[PDB]
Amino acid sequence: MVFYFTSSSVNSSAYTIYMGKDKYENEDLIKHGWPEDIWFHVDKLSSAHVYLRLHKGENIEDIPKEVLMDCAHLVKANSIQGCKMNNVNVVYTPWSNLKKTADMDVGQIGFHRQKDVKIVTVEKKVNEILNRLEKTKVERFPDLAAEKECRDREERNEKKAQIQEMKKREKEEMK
């Protein structure tokens, strides 16, 4: 079972956040995450792994601050010791930067490059973020392999689409 929350930004676009129930659902959230996903975790402390899926064409450095603080506060509330602390740091990196090896545990994750691992300090505990975020809480039991290859199929259909309209243009250029 995976939890899904909705983070609304300033430009009235809804961002999808998801969070596994325990370590084993998150093993498959690591295995089947999308390139549009941004992984959030409390730095230097035990916590859950929060994920934020961006829109097509969006980058990690272009995340609205409200959404970034929604993910940060959400991942801090679901930390055993981070939730009771006032000031915590949250590392977040693109899903494509996560590295999982055989020598690793369940829940333990590595990085391909610490250069694309970013930091943000959540300085306090605000309850409206978590209340608003849970009022949008939907619980699903998804088959993430199939969903991720629906994303891959969608991307392939867009690339073939652009290929077919660029052959349309290059052929109709000759009138």
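When you see a residue number, it is the position in the sequence shown, counting from 1.
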item: Mean C-alpha temperature factor, higher of 103-111 and 56-64; value: 103-111
item: Greater mean Cα temperature factor according to the PDB record, 163-171 or 17-25; value: 163-171
item: CA B-factor ranking of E139, expressed as a third of its chain; value: middle
item: Assigned third (lowest, middle, highest) for the C-alpha B factor of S46; value: middle
item: Ranked C-alpha temperature factor of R132 among modelled chain residues, by third; value: highest
item: Third of chain Cα B-factors occupied by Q81; value: middle
item: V117 by Cα B-factor - lowest, middle or highest third of the modelled chain; value: middle
